[PDB]
Amino acid sequence: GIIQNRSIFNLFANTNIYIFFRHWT
Amino acid sequence: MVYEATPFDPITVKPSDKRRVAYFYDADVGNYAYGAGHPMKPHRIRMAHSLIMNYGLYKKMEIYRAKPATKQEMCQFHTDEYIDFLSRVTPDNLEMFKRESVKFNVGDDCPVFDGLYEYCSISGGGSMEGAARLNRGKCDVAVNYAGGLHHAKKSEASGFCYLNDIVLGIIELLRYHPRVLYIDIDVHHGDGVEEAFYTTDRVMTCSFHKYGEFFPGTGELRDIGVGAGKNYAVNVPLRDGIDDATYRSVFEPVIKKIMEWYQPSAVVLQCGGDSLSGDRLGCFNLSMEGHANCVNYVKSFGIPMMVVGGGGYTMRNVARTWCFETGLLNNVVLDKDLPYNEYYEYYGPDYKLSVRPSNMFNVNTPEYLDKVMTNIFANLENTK
Amino acid sequence: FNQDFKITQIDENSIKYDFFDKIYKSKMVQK
Amino acid sequence: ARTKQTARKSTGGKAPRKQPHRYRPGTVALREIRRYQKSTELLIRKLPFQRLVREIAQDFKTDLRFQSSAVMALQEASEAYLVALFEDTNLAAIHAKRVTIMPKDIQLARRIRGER
Amino acid sequence: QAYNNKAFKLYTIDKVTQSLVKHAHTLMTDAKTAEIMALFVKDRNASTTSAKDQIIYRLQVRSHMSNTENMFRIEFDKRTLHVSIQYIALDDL
Amino acid sequence: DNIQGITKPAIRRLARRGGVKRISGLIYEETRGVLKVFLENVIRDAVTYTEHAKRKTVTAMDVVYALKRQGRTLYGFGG
Amino acid sequence: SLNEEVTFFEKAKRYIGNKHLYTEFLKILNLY
Amino acid sequence: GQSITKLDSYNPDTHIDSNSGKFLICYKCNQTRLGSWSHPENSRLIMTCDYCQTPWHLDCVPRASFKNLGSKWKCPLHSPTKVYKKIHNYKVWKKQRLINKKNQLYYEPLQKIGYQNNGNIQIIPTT
Ligand SMILES: [Zn+2]
Ligand SMILES: [Zn+2]
Ligand SMILES: [Zn+2]
């Protein structure tokens, strides 16, 4: 189940990085 | 699956739909004023007309001064006592008529100015002569901005309206036409005209109005007429801030379905300028293109029509949209650069023909208008 | 006279039985 | 037949148009005699007082801004004037075998004070 | 005047950029917050990862902060730069 | 109406500081008029002084200056 | 066929949710 | 910006219950369209019934106003107090008015099935 040359990248975050990213968007 | 979200297409005239246009204007209409603090101003009529003359639109149309209506001719719809009170009341002898002031709703929100009877006579005469010229075939489009009093009723004055000239015009149309369709794009509901022709199938009254806690309160979707006039009174309730694309995608399917289902012989179009953005009492977000697209779309059907101007309480915007609508009826699109008129100082800061819409929320969701137009289309299936 | 405006104390099962009874009556009388 | 109009409305329906322990009376009063006498803060809420000055100065000269310290000077001066006048009134009352200041008690004080 | 009131959402550009700046400042200078971004750095820089790496990265992010906090799965796809954000607050516990 | 802003309980507070134990009810509205006419004397002079300095703003200095004229000096605000 | 007929009422009650709305629903079914 | 009409601005503090903090789920669509303040046109207006507090979207029940003044707004789920039926003239039925507890008698039928109640009933729990 190895996913080589991946294209979908996941960022797991708390409320701080989420609110920062929401302000960026 | 009835409402479709479509962007507002640019207004294009039809060169194969040339219409003989009759213009009804009495130079006196404007010299009448409801009051000092009052929003309704008949002065908007002559700055609209000054834009007609200075655009050179009088060379493509015939200007008429309709004979003012007498007492009886007004009594074709109203009672004798109401017209008798209207023809006799002045601001001087207001204390001599106190019972009739509250009986006929005249004195507050419909004030007594001393040119009241003459103003009503000019409006009613303009509407009736436009209908008469449509009957004899002397013109295809009759333009009369002197009237539009769609809130007036049989024995009362409401909504800054005293003589319901539109009912008189539809009455004069009914003597030669079997089916007359009345379209009201005024932001208020055409309660007087709909109430007058509620029980008849000869007149279909369609009103595109804001329906909230707004004047006159009538105009629920379930109001479809009683008796023989059942499903012959279409009410289209709208919310605040409807823009040009939304109003077009509501107006064109409903009027198209009425056209191919009711099949009228004459059309009365109430062009209330209070549907425009920035109005004192209106709450819509229509630009002048959005207001005039209704007039251009109803012009495409070829039915002999009577364009009658109604509301509009900011004089500059209603004058500009009436000039654009009148120019559209001559199969021309007026350039967005105003000519020099005597009221040029109103149209600042750009001094152009366009009425700019506000950036306020179009809260008329597609689901609500889809349900509204679905029930309207379902009620229209019985009008064949 | 307080007995004229007496509120009937009914239950869910009785409403279910009455609704079923009356729909079956209506359906088969029209049939 | 005398008649009068009160509706003041030529037409009706104007809205639908298009246009427990309890102290004896006085003990709490003397307690907050002591409270407002041992205290020095300013008893007429400020904003309301400032406004009193704007609407009343307007007459002598429009567009007259007031340094903040000024409306505080008007307050102090006004509270000093009224506490002095109210001491005198209480006296003008305790004079007439009574314990309740009344308007007359202050139309007099001001006459003897000569401020009238 | 330039945009015919269609640029009203740009009236507070200074305040929103200031709030973004403040959020970045408390983003690096908070305990149990900067190591989450360090784990994001290790996940993004080291590509060719299987699923099991993604779950252990998820619980390793979870173990950094409190048990009552909210997780967010901000998915990015190189093709199309499409950022899907998913709410898994107290869901993987 | 800004005058009615000088509220009853405030006039009661002034009476309490003044040592009054029972205030008539008709006093409250007498104290307004007396208050007004007095302020309307100081502030008048406060402004004469103001429009003598060609100043458009008034100062607390001009206020205590108008009090000195009236007679009731006020210490604590300058001068 | 039979099972849906006997199971219609309490599955409707489950779909209703609030007991006041189900009370008014039973009132509707009684008025009919 | 803030009007009793709740139509001139985006107000997301109407999908949130005040005393519970949860989301007012509309009855018909089973959703709360709160919007996102970056696409406020995606937010559907929601009102609550004035009797049973059942939240309804402005589009699920066809309504353009919020019913701010006048009569209390009634959601479609409530049983009518007045109905007209066709004789095939007509017949009308009006529900009895509420009576204070000293003059109101609640009685339990002995007959369970077919008891002709006037339509004025009370629901008891089923045991
Ligand atoms: Zn109108
Ligand atoms: Zn809904
Ligand atoms: Zn409800």
# chains A, B, ... in the order shown; residues from 1 in each chain; ligands from 1
$ residues_around --residues "residue B:245" --least-positions-apart "6" --cutoff "9 Å" --atoms "only C-alpha atoms" --output "list in words"
residues 5, 6, 7, 8, 9 and 290 of chain B
$ select_by_dssp --residues "chain A" --states "alpha helix (DSSP H)" --output "number ranges by chain"
A: 15-24
$ residues_near_ligand --ligand "ligand 3" --cutoff "8 Å" --atoms "only C-alpha atoms and all ligand atoms" --output "MDAnalysis selection string"
chainID H and resid 48:55 74:78
$ select_by_dssp --residues "chain H" --states "strand (DSSP E or B)" --output "PDB file with N, CA and C atoms, in the first residue's frame"
ATOM      1  N   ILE H  16     -27.858  29.739  15.162  1.00  0.00           N
ATOM      2  CA  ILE H  16     -27.320  29.211  16.409  1.00  0.00           C
ATOM      3  C   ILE H  16     -28.328  29.471  17.517  1.00  0.00           C
ATOM      4  N   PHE H  23     -26.907  24.211  16.452  1.00  0.00           N
ATOM      5  CA  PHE H  23     -27.323  24.783  15.180  1.00  0.00           C
ATOM      6  C   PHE H  23     -28.806  24.528  14.955  1.00  0.00           C
ATOM      7  N   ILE H  46     -33.228  31.649   8.056  1.00  0.00           N
ATOM      8  CA  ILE H  46     -33.949  30.700   8.890  1.00  0.00           C
ATOM      9  C   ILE H  46     -34.715  31.465   9.961  1.00  0.00           C
ATOM     10  N   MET H  47     -35.954  31.048  10.196  1.00  0.00           N
ATOM     11  CA  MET H  47     -36.767  31.581  11.274  1.00  0.00           C
ATOM     12  C   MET H  47     -37.292  30.422  12.100  1.00  0.00           C
ATOM     13  N   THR H  48     -37.724  30.733  13.313  1.00  0.00           N
ATOM     14  CA  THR H  48     -38.316  29.749  14.200  1.00  0.00           C
ATOM     15  C   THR H  48     -39.802  30.032  14.356  1.00  0.00           C
ATOM     16  N   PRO H  55     -37.485  25.375  13.836  1.00  0.00           N
ATOM     17  CA  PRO H  55     -36.827  26.283  12.887  1.00  0.00           C
ATOM     18  C   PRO H  55     -37.116  25.879  11.450  1.00  0.00           C
ATOM     19  N   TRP H  56     -37.450  26.870  10.629  1.00  0.00           N
ATOM     20  CA  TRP H  56     -37.790  26.665   9.231  1.00  0.00           C
ATOM     21  C   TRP H  56     -36.973  27.616   8.375  1.00  0.00           C
ATOM     22  N   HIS H  57     -36.481  27.118   7.247  1.00  0.00           N
ATOM     23  CA  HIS H  57     -35.856  27.999   6.276  1.00  0.00           C
ATOM     24  C   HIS H  57     -36.915  28.859   5.601  1.00  0.00           C
ATOM     25  N   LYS H  82     -59.142  26.104  12.869  1.00  0.00           N
ATOM     26  CA  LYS H  82     -60.313  26.393  12.053  1.00  0.00           C
ATOM     27  C   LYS H  82     -60.106  25.772  10.683  1.00  0.00           C
ATOM     28  N   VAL H  83     -61.060  24.957  10.244  1.00  0.00           N
ATOM     29  CA  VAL H  83     -60.971  24.298   8.947  1.00  0.00           C
ATOM     30  C   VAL H  83     -62.340  24.391   8.279  1.00  0.00           C
ATOM     31  N   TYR H  84     -62.356  24.387   6.950  1.00  0.00           N
ATOM     32  CA  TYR H  84     -63.597  24.312   6.194  1.00  0.00           C
ATOM     33  C   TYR H  84     -63.602  23.040   5.356  1.00  0.00           C
ATOM     34  N   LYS H  85     -64.714  22.312   5.401  1.00  0.00           N
ATOM     35  CA  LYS H  85     -64.859  21.085   4.637  1.00  0.00           C
ATOM     36  C   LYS H  85     -66.103  21.173   3.763  1.00  0.00           C
ATOM     37  N   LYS H  86     -66.039  20.506   2.615  1.00  0.00           N
ATOM     38  CA  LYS H  86     -67.128  20.527   1.650  1.00  0.00           C
ATOM     39  C   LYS H  86     -68.178  19.486   2.013  1.00  0.00           C
ATOM     40  N   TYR H  90     -71.258  23.751   3.017  1.00  0.00           N
ATOM     41  CA  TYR H  90     -70.007  23.382   3.664  1.00  0.00           C
ATOM     42  C   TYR H  90     -70.272  23.220   5.155  1.00  0.00           C
ATOM     43  N   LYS H  91     -69.251  22.770   5.875  1.00  0.00           N
ATOM     44  CA  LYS H  91     -69.272  22.742   7.327  1.00  0.00           C
ATOM     45  C   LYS H  91     -67.954  23.292   7.851  1.00  0.00           C
ATOM     46  N   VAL H  92     -68.038  24.033   8.951  1.00  0.00           N
ATOM     47  CA  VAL H  92     -66.871  24.621   9.594  1.00  0.00           C
ATOM     48  C   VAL H  92     -66.698  23.950  10.951  1.00  0.00           C
ATOM     49  N   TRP H  93     -65.463  23.907  11.435  1.00  0.00           N
ATOM     50  CA  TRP H  93     -65.160  23.448  12.781  1.00  0.00           C
ATOM     51  C   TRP H  93     -64.123  24.385  13.380  1.00  0.00           C
ATOM     52  N   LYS H  94     -64.377  24.857  14.595  1.00  0.00           N
ATOM     53  CA  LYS H  94     -63.398  25.636  15.334  1.00  0.00           C
ATOM     54  C   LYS H  94     -63.054  24.927  16.633  1.00  0.00           C
ATOM     55  N   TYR H 106     -61.002  17.887  31.954  1.00  0.00           N
ATOM     56  CA  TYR H 106     -60.391  16.907  31.068  1.00  0.00           C
ATOM     57  C   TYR H 106     -60.942  15.545  31.462  1.00  0.00           C
ATOM     58  N   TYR H 107     -61.559  14.844  30.516  1.00  0.00           N
ATOM     59  CA  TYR H 107     -62.173  13.559  30.819  1.00  0.00           C
ATOM     60  C   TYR H 107     -61.577  12.509  29.891  1.00  0.00           C
ATOM     61  N   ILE H 121     -59.159  17.277  21.454  1.00  0.00           N
ATOM     62  CA  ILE H 121     -58.624  16.179  22.214  1.00  0.00           C
ATOM     63  C   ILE H 121     -57.353  16.501  22.939  1.00  0.00           C
ATOM     64  N   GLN H 122     -56.866  15.577  23.760  1.00  0.00           N
ATOM     65  CA  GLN H 122     -55.585  15.735  24.437  1.00  0.00           C
ATOM     66  C   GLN H 122     -54.896  14.408  24.317  1.00  0.00           C
ATOM     67  N   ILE H 123     -53.593  14.406  24.102  1.00  0.00           N
ATOM     68  CA  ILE H 123     -52.852  13.161  23.940  1.00  0.00           C
ATOM     69  C   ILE H 123     -52.254  12.766  25.281  1.00  0.00           C
ATOM     70  N   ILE H 124     -52.509  11.532  25.700  1.00  0.00           N
ATOM     71  CA  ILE H 124     -51.945  10.994  26.933  1.00  0.00           C
ATOM     72  C   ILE H 124     -50.781  10.082  26.557  1.00  0.00           C
TER      73      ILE H 124
END
$ residues_near_ligand --ligand "ligand 1" --cutoff "6 Å" --atoms "only C-alpha atoms and all ligand atoms" --output "list in words"
residues 186, 187, 188, 272, 274 and 311 of chain B
$ closest_residue --among "D:62, D:51, D:97, D:105" --to "residue F:1" --atoms "only C-alpha atoms"
D:51
$ residues_near_ligand --ligand "ligand 2" --cutoff "12 Å" --atoms "only C-alpha atoms and all ligand atoms" --output "ChimeraX atom specification"
/B:367-368 /H:15,24-34,43-48,54-63
$ residues_around --residues "stretch 50-55 of chain F" --least-positions-apart "5" --cutoff "9 Å" --atoms "only C-alpha atoms" --output "tab-separated table (two decimals) with C-alpha atoms, in the first residue's frame"
chain	number	residue	atom	x	y	z
D	61	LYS	CA	-22.31	81.55	20.88
F	45	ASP	CA	-19.65	85.54	31.10
F	62	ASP	CA	-12.26	81.39	31.48
$ interface_residues --of "chain G" --to "chain C" --cutoff "9 Å" --atoms "only C-alpha atoms" --output "PyMOL selection string"
chain G and resi 9+23+26-27+29-30+32
$ write_last_selection --atoms "C-alpha atoms" --output "PDB file, in the first residue's frame"
ATOM      1  CA  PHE G   9     -46.642   4.770  12.760  1.00  0.00           C
ATOM      2  CA  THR G  23     -48.508  15.262  19.119  1.00  0.00           C
ATOM      3  CA  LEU G  26     -51.601  12.700  15.849  1.00  0.00           C
ATOM      4  CA  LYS G  27     -53.987  15.644  16.233  1.00  0.00           C
ATOM      5  CA  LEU G  29     -54.654  12.241  12.019  1.00  0.00           C
ATOM      6  CA  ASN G  30     -57.484  12.445  14.579  1.00  0.00           C
ATOM      7  CA  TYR G  32     -59.069  13.540   9.667  1.00  0.00           C
TER       8      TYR G  32
END
$ residues_around --residues "residue E:92" --least-positions-apart "3" --cutoff "9 Å" --atoms "only C-alpha atoms" --output "list in words"
residues 58, 59, 62, 71, 88 and 89 of chain E
$ write_last_selection --atoms "N, CA, C and O atoms" --output "PDB file, in the first residue's frame"
ATOM      1  N   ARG E  58      -0.903  11.402  12.079  1.00  0.00           N
ATOM      2  CA  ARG E  58      -2.115  11.934  12.696  1.00  0.00           C
ATOM      3  C   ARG E  58      -2.094  11.795  14.218  1.00  0.00           C
ATOM      4  O   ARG E  58      -2.364  12.769  14.932  1.00  0.00           O
ATOM      5  N   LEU E  59      -1.761  10.605  14.742  1.00  0.00           N
ATOM      6  CA  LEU E  59      -1.753  10.485  16.204  1.00  0.00           C
ATOM      7  C   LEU E  59      -0.567  11.211  16.823  1.00  0.00           C
ATOM      8  O   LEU E  59      -0.638  11.619  17.987  1.00  0.00           O
ATOM      9  N   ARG E  62      -1.825  14.573  17.174  1.00  0.00           N
ATOM     10  CA  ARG E  62      -2.825  14.580  18.242  1.00  0.00           C
ATOM     11  C   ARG E  62      -2.178  14.584  19.622  1.00  0.00           C
ATOM     12  O   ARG E  62      -2.643  15.281  20.532  1.00  0.00           O
ATOM     13  N   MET E  71      -9.057  19.160  15.598  1.00  0.00           N
ATOM     14  CA  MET E  71      -8.194  18.852  14.469  1.00  0.00           C
ATOM     15  C   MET E  71      -8.828  19.298  13.159  1.00  0.00           C
ATOM     16  O   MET E  71     -10.051  19.344  13.020  1.00  0.00           O
ATOM     17  N   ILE E  88     -12.455  17.219  11.794  1.00  0.00           N
ATOM     18  CA  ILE E  88     -12.367  15.955  12.518  1.00  0.00           C
ATOM     19  C   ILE E  88     -12.139  16.203  14.003  1.00  0.00           C
ATOM     20  O   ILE E  88     -11.490  15.402  14.691  1.00  0.00           O
ATOM     21  N   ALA E  89     -12.704  17.299  14.512  1.00  0.00           N
ATOM     22  CA  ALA E  89     -12.630  17.645  15.927  1.00  0.00           C
ATOM     23  C   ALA E  89     -13.219  16.552  16.809  1.00  0.00           C
ATOM     24  O   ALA E  89     -14.426  16.287  16.754  1.00  0.00           O
TER      25      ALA E  89
END
$ interface_residues --of "chain D" --to "chain B" --cutoff "12 Å" --atoms "only C-alpha atoms" --output "list in words"
residues 5, 7, 8, 9, 10, 11, 12, 13, 14, 15, 16, 17, 18 and 19 of chain D
$ interface_residues --of "chain G" --to "chain H" --cutoff "6 Å" --atoms "only C-alpha atoms" --output "ChimeraX atom specification"
/G:24,28,31
$ interface_residues --of "chain H" --to "chain E" --cutoff "12 Å" --atoms "only C-alpha atoms" --output "count of residues only"
3
$ residues_around --residues "residue A:14" --least-positions-apart "2" --cutoff "7 Å" --atoms "only C-alpha atoms" --output "PDB file with C-alpha atoms, in the first residue's frame"
ATOM      1  CA  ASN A  16      -4.165  28.105  15.304  1.00  0.00           C
ATOM      2  CA  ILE A  17      -2.901  26.944  11.905  1.00  0.00           C
ATOM      3  CA  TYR A  18      -6.511  26.539  10.739  1.00  0.00           C
TER       4      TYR A  18
ATOM      5  CA  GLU E  69      -8.817  20.535  21.004  1.00  0.00           C
ATOM      6  CA  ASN E  70      -9.993  20.493  17.385  1.00  0.00           C
ATOM      7  CA  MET E  71      -8.194  18.852  14.469  1.00  0.00           C
ATOM      8  CA  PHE E  72      -8.396  20.057  10.869  1.00  0.00           C
TER       9      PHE E  72
END
$ interface_residues --of "chain B" --to "chain E" --cutoff "12 Å" --atoms "only C-alpha atoms" --output "ChimeraX atom specification"
/B:349-350,355-361
$ write_last_selection --atoms "N, CA and C atoms" --output "CSV table (one decimal), in the first residue's frame"
chain,number,residue,atom,x,y,z
B,349,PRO,N,-22.9,62.5,-10.2
B,349,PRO,CA,-21.7,63.3,-10.6
B,349,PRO,C,-21.2,63.0,-12.0
B,350,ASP,N,-21.6,61.9,-12.6
B,350,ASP,CA,-21.1,61.6,-13.9
B,350,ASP,C,-21.9,62.1,-15.1
B,355,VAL,N,-28.1,54.3,-14.3
B,355,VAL,CA,-28.5,54.3,-12.9
B,355,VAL,C,-27.7,53.1,-12.3
B,356,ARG,N,-26.7,53.5,-11.4
B,356,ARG,CA,-25.8,52.5,-10.9
B,356,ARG,C,-26.5,51.7,-9.8
B,357,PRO,N,-26.4,50.3,-9.8
B,357,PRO,CA,-27.0,49.5,-8.7
B,357,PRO,C,-26.1,49.6,-7.5
B,358,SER,N,-26.7,49.4,-6.4
B,358,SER,CA,-26.0,49.3,-5.1
B,358,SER,C,-25.4,47.9,-4.9
B,359,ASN,N,-24.4,47.8,-4.0
B,359,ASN,CA,-23.8,46.6,-3.8
B,359,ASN,C,-24.4,45.9,-2.5
B,360,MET,N,-25.7,45.7,-2.5
B,360,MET,CA,-26.4,45.2,-1.4
B,360,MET,C,-26.8,43.7,-1.7
B,361,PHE,N,-27.1,43.0,-0.6
B,361,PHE,CA,-27.3,41.6,-0.7
B,361,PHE,C,-28.5,41.2,-1.5
$ interface_residues --of "chain H" --to "chain B" --cutoff "7 Å" --atoms "only C-alpha atoms" --output "PDB file with N, CA, C and O atoms, in the first residue's frame"
ATOM      1  N   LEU H   7     -32.639  41.249   6.435  1.00  0.00           N
ATOM      2  CA  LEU H   7     -32.409  41.057   5.009  1.00  0.00           C
ATOM      3  C   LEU H   7     -31.328  41.954   4.434  1.00  0.00           C
ATOM      4  O   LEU H   7     -30.897  41.709   3.300  1.00  0.00           O
ATOM      5  N   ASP H   8     -30.880  42.945   5.195  1.00  0.00           N
ATOM      6  CA  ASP H   8     -29.909  43.914   4.689  1.00  0.00           C
ATOM      7  C   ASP H   8     -28.464  43.558   4.958  1.00  0.00           C
ATOM      8  O   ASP H   8     -27.562  44.281   4.546  1.00  0.00           O
ATOM      9  N   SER H   9     -28.231  42.452   5.640  1.00  0.00           N
ATOM     10  CA  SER H   9     -26.879  42.062   6.008  1.00  0.00           C
ATOM     11  C   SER H   9     -26.845  40.565   6.263  1.00  0.00           C
ATOM     12  O   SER H   9     -27.880  39.912   6.408  1.00  0.00           O
ATOM     13  N   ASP H  59     -37.087  29.386   2.513  1.00  0.00           N
ATOM     14  CA  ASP H  59     -37.389  28.820   1.207  1.00  0.00           C
ATOM     15  C   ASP H  59     -38.108  27.485   1.287  1.00  0.00           C
ATOM     16  O   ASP H  59     -38.805  27.114   0.340  1.00  0.00           O
ATOM     17  N   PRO H  62     -42.632  28.535   1.722  1.00  0.00           N
ATOM     18  CA  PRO H  62     -42.497  29.703   0.844  1.00  0.00           C
ATOM     19  C   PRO H  62     -42.877  30.993   1.549  1.00  0.00           C
ATOM     20  O   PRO H  62     -44.059  31.281   1.756  1.00  0.00           O
ATOM     21  N   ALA H  64     -41.300  35.264   2.109  1.00  0.00           N
ATOM     22  CA  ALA H  64     -40.304  36.292   1.857  1.00  0.00           C
ATOM     23  C   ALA H  64     -40.056  37.186   3.061  1.00  0.00           C
ATOM     24  O   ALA H  64     -38.955  37.723   3.206  1.00  0.00           O
ATOM     25  N   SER H  65     -41.053  37.358   3.924  1.00  0.00           N
ATOM     26  CA  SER H  65     -40.902  38.163   5.122  1.00  0.00           C
ATOM     27  C   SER H  65     -40.433  37.299   6.287  1.00  0.00           C
ATOM     28  O   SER H  65     -40.472  36.070   6.246  1.00  0.00           O
TER      29      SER H  65
END
$ decode --residues "stretch 6-29 of chain G" --atoms "N, CA and C atoms" --output "compact mmCIF listing (two decimals), in the first residue's frame"
# COMPACT_ATOMS: atom_id res chain seq x y z
N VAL G 6 -47.81 -2.25 9.68
CA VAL G 6 -47.79 -2.18 11.14
C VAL G 6 -46.66 -1.31 11.67
N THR G 7 -45.61 -1.09 10.87
CA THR G 7 -44.43 -0.35 11.30
C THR G 7 -44.47 1.11 10.86
N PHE G 8 -45.53 1.53 10.16
CA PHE G 8 -45.58 2.89 9.62
C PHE G 8 -45.62 3.95 10.72
N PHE G 9 -46.39 3.71 11.79
CA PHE G 9 -46.64 4.77 12.76
C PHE G 9 -45.41 5.10 13.60
N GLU G 10 -44.72 4.10 14.14
CA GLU G 10 -43.61 4.45 15.01
C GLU G 10 -42.37 4.82 14.21
N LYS G 11 -42.26 4.36 12.96
CA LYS G 11 -41.20 4.89 12.11
C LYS G 11 -41.48 6.33 11.70
N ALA G 12 -42.76 6.69 11.54
CA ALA G 12 -43.11 8.09 11.35
C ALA G 12 -42.79 8.90 12.60
N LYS G 13 -43.05 8.33 13.78
CA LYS G 13 -42.71 9.01 15.03
C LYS G 13 -41.21 9.22 15.16
N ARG G 14 -40.42 8.22 14.75
CA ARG G 14 -38.97 8.36 14.76
C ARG G 14 -38.51 9.43 13.78
N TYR G 15 -39.14 9.50 12.61
CA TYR G 15 -38.77 10.54 11.64
C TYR G 15 -39.20 11.93 12.11
N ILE G 16 -40.28 12.03 12.89
CA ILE G 16 -40.76 13.34 13.34
C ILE G 16 -39.73 13.99 14.25
N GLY G 17 -39.20 13.24 15.21
CA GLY G 17 -38.24 13.80 16.13
C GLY G 17 -38.88 14.30 17.41
N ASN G 18 -39.18 15.60 17.45
CA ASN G 18 -39.74 16.23 18.63
C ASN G 18 -41.12 15.63 18.92
N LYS G 19 -41.41 15.43 20.21
CA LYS G 19 -42.68 14.82 20.59
C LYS G 19 -43.85 15.78 20.45
N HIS G 20 -43.60 17.10 20.45
CA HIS G 20 -44.69 18.05 20.25
C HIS G 20 -45.18 18.02 18.81
N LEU G 21 -44.25 17.89 17.86
CA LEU G 21 -44.63 17.77 16.46
C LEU G 21 -45.37 16.47 16.20
N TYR G 22 -44.98 15.39 16.90
CA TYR G 22 -45.72 14.14 16.77
C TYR G 22 -47.09 14.24 17.42
N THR G 23 -47.21 15.02 18.51
CA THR G 23 -48.51 15.26 19.12
C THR G 23 -49.43 16.00 18.16
N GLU G 24 -48.92 17.04 17.49
CA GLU G 24 -49.72 17.73 16.48
C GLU G 24 -50.00 16.86 15.26
N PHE G 25 -49.09 15.95 14.91
CA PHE G 25 -49.33 15.00 13.83
C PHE G 25 -50.46 14.03 14.17
N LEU G 26 -50.49 13.53 15.40
CA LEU G 26 -51.60 12.70 15.85
C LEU G 26 -52.89 13.49 15.93
N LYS G 27 -52.81 14.78 16.28
CA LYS G 27 -53.99 15.64 16.23
C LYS G 27 -54.51 15.79 14.81
N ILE G 28 -53.61 15.92 13.83
CA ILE G 28 -54.01 15.97 12.43
C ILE G 28 -54.69 14.68 12.01
N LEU G 29 -54.09 13.54 12.37
CA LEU G 29 -54.65 12.24 12.02
C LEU G 29 -55.97 11.95 12.73
